[PDB]
Amino acid sequence: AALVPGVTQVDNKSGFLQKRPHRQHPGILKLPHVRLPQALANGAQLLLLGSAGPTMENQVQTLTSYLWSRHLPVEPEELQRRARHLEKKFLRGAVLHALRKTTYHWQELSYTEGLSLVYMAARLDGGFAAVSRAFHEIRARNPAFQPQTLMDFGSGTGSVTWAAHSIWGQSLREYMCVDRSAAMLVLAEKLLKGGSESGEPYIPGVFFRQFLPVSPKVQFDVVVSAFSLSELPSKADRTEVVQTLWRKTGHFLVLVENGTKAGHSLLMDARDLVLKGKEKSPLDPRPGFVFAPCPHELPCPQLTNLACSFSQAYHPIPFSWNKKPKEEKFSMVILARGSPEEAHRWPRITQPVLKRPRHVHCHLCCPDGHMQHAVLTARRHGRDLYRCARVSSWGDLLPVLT
Amino acid sequence: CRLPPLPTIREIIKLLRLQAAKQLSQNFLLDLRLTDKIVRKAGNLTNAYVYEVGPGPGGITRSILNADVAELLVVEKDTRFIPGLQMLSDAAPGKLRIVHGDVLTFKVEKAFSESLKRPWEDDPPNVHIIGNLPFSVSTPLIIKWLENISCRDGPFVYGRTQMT
Amino acid sequence: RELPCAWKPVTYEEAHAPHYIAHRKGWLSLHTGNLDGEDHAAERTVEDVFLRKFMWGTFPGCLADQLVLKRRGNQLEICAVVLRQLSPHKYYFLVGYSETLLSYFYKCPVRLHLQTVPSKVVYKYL
RNA sequence: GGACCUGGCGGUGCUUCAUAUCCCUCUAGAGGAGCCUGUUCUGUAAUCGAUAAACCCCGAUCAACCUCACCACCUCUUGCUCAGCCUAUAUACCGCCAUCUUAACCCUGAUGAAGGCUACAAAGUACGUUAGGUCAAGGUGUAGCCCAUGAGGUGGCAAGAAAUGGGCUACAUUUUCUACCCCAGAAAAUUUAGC
Ligand SMILES: C[S@@+](CC[C@H](N)C(=O)[O-])C[C@H]1O[C@@H](n2cnc3c(N)ncnc32)[C@H](O)[C@@H]1O
Ligand code: SF4
Ligand SMILES: [Mg+2]
Ligand SMILES: [Mg+2]
């Protein structure tokens, strides 16, 4: 509960309210509709001139829905509890058949040359928008940050590399991109060279590797994993990767997944793993804290039954099936080295803001670790804070103190 | 120091625009532990001036840079490795000077300062040469430098400069 | 124990696909509503939906096969095919109950024509 | 360490052809005017925000001198009826739509790994899932505010500029108007599909 009617007041630092309107309040983090770079948009279409007919529309849709509805692989432990429960009810072959149903069949996707094109036509634009929104968080609240180095685990189509260039292009000097699939690496380099096998890379310093380097000595300023931890075959694999990524993180670790229950639970495992440091004597002894979106390091209050996701509207790459703008629903967590900058953390709006006559509905994750459904009105809370919430939107911060 | 990663053989092949692993016509030492061993056998390079020949990918260059040298002069014949060496130089400000040219014709007597010139009868003059060159180029080079030692000129204007 | 370790007969009607409804399969419900000029096809459809639900809920595990809902004027003949597992007295009790309840629900003289079979009559296997 | 067996070659090149998809080939348009929109930037205290709820009554339509929404100011409240709000919730249920998951035998090799064909013939035969959408032709509950999320009043608000995406109109001589429904008289470059 970070909203007490009549007690909580807006936080006026930098002499905000006097010096600026309410529509530009510092908790505003909304990003206008994302347009991809023309070089990327042109390159993607050129690579698809061979086959972009009616079959491709069906293929792109099938892949998009399949990836969206994927569940995390069922760990064995979950499997025996389901097995015994069905066993007691029946009282082995019958149980297994009843276990093939009511359980999710998780399969590896071998990203070959064919399925790599379908992925690029389905997730390049969507993935780019989600990562751009995540990076906007780091820029907006810390505009002095000028990273010189970046690593991207699970670099399928290079969306992270392009998004990082659009924000920190004047200071980044190295883009390490890791991806086990040869075809995806082949596709990602074509996209940097204007969609042709021969050309000059549009971004300088991109390094492509097939295996994740494992060494605490080499440490990157921004480590990014976007829509990649969901492709790992088990929780042990996710545990090992996230530990390595954190060990090689210099300032910020940006993890982004789908805005589903499977995605959100995945990131809360990684969030707890980094926060609950287990290494006895790490090379980098600095602690970790959640830079965004959580205003606390306490357990997620929405992880029980609900999820936590955010939305970013973007303009899809022109195709035979992309006409109207789309929305990218994603889950994110950003983990930063060091300690929180100050004690004046602000609630996060984690759900669409509903504007109604003279009152506004905001669902806030508060610094104390609890969600608060606040209906803000001018009479109860005040003219200033009501106007701040009137202009706020999904994924913004609410500047409230005491 | 934060130096860029050593290029891999695939990156080397693409950089040389060969598109294959058979038309390379060259061998590289892409193991930093062996290059560390070589630079260790080269002696104590603390605040020393090193003349490197035939770097290529730059494993020897990185190993020398990790040693606390004062200034590393690097002469490379192939232009295609110069961007990588320039990234290396950007990583280490002021410790790397890249020159394009042939080691068989490059003039080293002018490269370094005249204050490093010590008498012949004294100890070696804090200037070292290190090299992993093609075997078709090291024999002419050593013959040329043996002549220079006989004349106490060229790289040996500074004194009894040591070579590895 | 681990995911890698974890990872049919048909009747005549079940066997046939929909595109045989006028070639090999027939029609279960029969009424004049859908004909050109005739009215209340939607009402007859709703009647059939409720009636099938209620027959399947009143004779659980007894119906070997789908019903046949025939209509002559007011008359509503439910020609169902059932099994011989449940006792005959319960068949009679249920028949009386269902006829009376459906007659008072549709306000028409509903009737039942059960046909018991020793077991489901298989046509083939799919 | 010697000999042998099955291999896989996530294989690599050339030779020939089948060589349809895609090429060439054929038809047709798709630039330009005028207005309405999607997105961006700028600006405001504010919403070029909406009419099972207004102008508009040739087509359409914009702001209407309407009401709701917004901004700045104010007033009342035990009020209406143990008042009132459409305020949230299908991220509560149901319904409805949609996503995803759910062989045997016989021979050969000395009875080794192993192998088995010739036609004028030589061992071969047989339901769950979803921070899903929908509160417009549908329901059952659950929460909120009640000196205000209720009821009123006084003023204001009715944007500006591009680059690109889409859409609507007229665009003619093989045409147009009258009579007829065809023998009359007067006018004046890329692409995109398609067989
Ligand atoms: C779903 S794509 C991520 C897309 C990318 N982040 C983007 O924004 O476009 C995941 C990639 O990770 C790779 N991958 C899967 N398992 C991996 C592993 N164990 N180690 C390294 N890469 C892996 C796959 O080859 C695949 O290309
Ligand atoms: S912002 Fe709040 S609800 Fe979302 S993941 Fe963080 S703690 Fe959970
Ligand atoms: Mg829902
Ligand atoms: Mg208005």
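Just so it is clear, the values below take in all heavy atoms, side chains as well, and ignore hydrogens, waters and symmetry mates. A note on names: the letters A, B, ... follow the listed sequences, proteins ahead of strands, and every chain is numbered from 1.
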Looking just at side-chain N and O atoms, do A:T112 and A:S110 make a donor-acceptor pair shorter than 3.5 Å? no
Which part of the nucleic acid does A:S51 contact within heavy-atom distance under 4.0 Å: base, sugar-phosphate only, or nothing? nothing
Among D:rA131, D:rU101, D:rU149, the nucleotide that comes nearest once only the side chain of A:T377 is considered: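 Nearest listed nucleotide: D:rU149.
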From the list D:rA46, D:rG38, D:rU99, which nucleotide is the closest neighbour of the side chain of A:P325?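 Given the options D:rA46, D:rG38, D:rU99, the side chain of A:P325 is closest to D:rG38.
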If we call it a pair only when both distances are under 3.5 Å in a Watson-Crick or G-U wobble match, what pairs with [N]?
{"N": "D:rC82", "result": "none"}
{"N": "D:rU190", "result": "D:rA30"}
{"N": "D:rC5", "result": "none"}
{"N": "D:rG11", "result": "none"}
{"N": "D:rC70", "result": "D:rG156"}
{"N": "D:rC182", "result": "none"}
{"N": "D:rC35", "result": "D:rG167"}

Give me syn or anti for D:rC80, where syn covers glycosidic angles within 90 degrees of 0.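 You should classify D:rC80 as syn.
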Does this structure show an ion pair linking A:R133 with A:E137, if we count only N-O contacts that are shorter than 4.0 Å? yes
Nucleotide [N], atom [atom2] - distance to [atom1] of [X] in whole Å:
{"X": "A:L67", "N": "D:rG132", "atom1": "CG", "atom2": "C1'", "result": "16 Å"}
{"X": "A:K355", "N": "D:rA46", "atom1": "NZ", "atom2": "P", "result": "13 Å"}
{"X": "A:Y66", "N": "D:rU102", "atom1": "OH", "atom2": "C1'", "result": "13 Å"}
{"X": "A:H25", "N": "D:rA45", "atom1": "NE2", "atom2": "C1'", "result": "16 Å"}
{"X": "A:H71", "N": "D:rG128", "atom1": "NE2", "atom2": "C1'", "result": "10 Å"}
{"X": "A:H33", "N": "D:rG38", "atom1": "NE2", "atom2": "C1'", "result": "9 Å"}
{"X": "A:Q107", "N": "D:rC100", "atom1": "CD", "atom2": "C1'", "result": "12 Å"}
{"X": "A:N258", "N": "D:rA131", "atom1": "CG", "atom2": "P", "result": "9 Å"}

Just grab all the side-chain hydrogen bond (donor to acceptor under 3.5 Å, both in side chains) pairs involving residues 76-93 of chain A, residues at least two apart or on different chains.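 The answer is A:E78-A:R81, A:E78-A:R82.
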Considering only residues two or more places apart or on different chains, which pairs with a residue in residues 48-60 of chain C satisfy side-chain hydrogen bond (donor to acceptor under 3.5 Å, both in side chains)? C:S29-C:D48, C:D48-C:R71
For the residue pair C:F50 and C:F105, is the inter-centroid distance of their aromatic rings smaller than 6.0 Å?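 Close enough - the centres of the two rings lie under 6.0 Å apart.
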Ring centres under 6.0 angstrom apart (A:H361, A:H363):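 Judged by ring-centre distance (under 6.0 Å), A:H361 and A:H363 do not meet the cut-off.
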For nucleotides 135-144 of chain D, tabulate all protein N/O to nucleotide N/O atom pairs closer than 3.5 Å, reporting atom names and distance.
none

Students should be able to answer this: classify the pucker of [N] from the sign of its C1'-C2'-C3'-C4' torsion, north or south.
{"N": "D:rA126", "value": "south"}
{"N": "D:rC86", "value": "south"}
{"N": "D:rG31", "value": "south"}
{"N": "D:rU102", "value": "north"}

Mind checking what makes ring-ring contact (aromatic ring centres under 6.0 Å, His included) contact with A:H136, not counting sequence neighbours?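 By the ring-ring contact (aromatic ring centres under 6.0 Å, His included) rule, A:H136 matches no residue at all.
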In chain order, what residues pass the ring-ring contact (aromatic ring centres under 6.0 Å, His included) check against A:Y104, with sequence neighbours excluded? A:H71
Under the side-chain contact (heavy atoms from CB on, under 4.5 Å) test, which residues partner [X], sequence neighbours left out?
{"X": "C:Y125", "answer": "C:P9, C:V122"}
{"X": "A:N12", "answer": "A:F16, A:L17, A:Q18"}
{"X": "A:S116", "answer": "A:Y111, A:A183, A:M184, A:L187"}
{"X": "B:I13", "answer": "B:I9, B:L18, B:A21"}

Is there a side-chain contact between A:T102 and the phosphate of D:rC127, meaning an N or O under 4.0 Å from OP1 or OP2?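 No.
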Taking OP1 and OP2 of D:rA131, is either one under 4.0 Å from a side-chain nitrogen or oxygen of A:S309?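 The answer is no; no side-chain N or O of A:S309 sits under 4.0 Å from OP1 or OP2.
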Heavy-atom protein contacts under 4.0 Å, nucleotides 68-77 of chain D, coded B base, S sugar-phosphate only, - none: -SSSS-----
Which pairs would a plain distance check flag for residues 300-319 of chain A, meaning a side-chain donor or acceptor within less than 3.5 Å of a matching protein atom at least two apart in sequence or in another chain?
{"residue": "A:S311", "atom": "OG", "partner": "A:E327", "partner atom": "OE1", "Å": "3.1"}
{"residue": "A:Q312", "atom": "NE2", "partner": "A:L31", "partner atom": "O", "Å": "3.2"}
{"residue": "A:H315", "atom": "NE2", "partner": "A:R35", "partner atom": "NH1", "Å": "3.4"}

Protein and nucleotides 90-92 of chain D: nitrogen or oxygen contacts under 3.5 angstrom:
{"residue": "D:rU91", "atom": "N3", "partner": "A:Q351", "partner atom": "NE2", "Å": "3.0"}

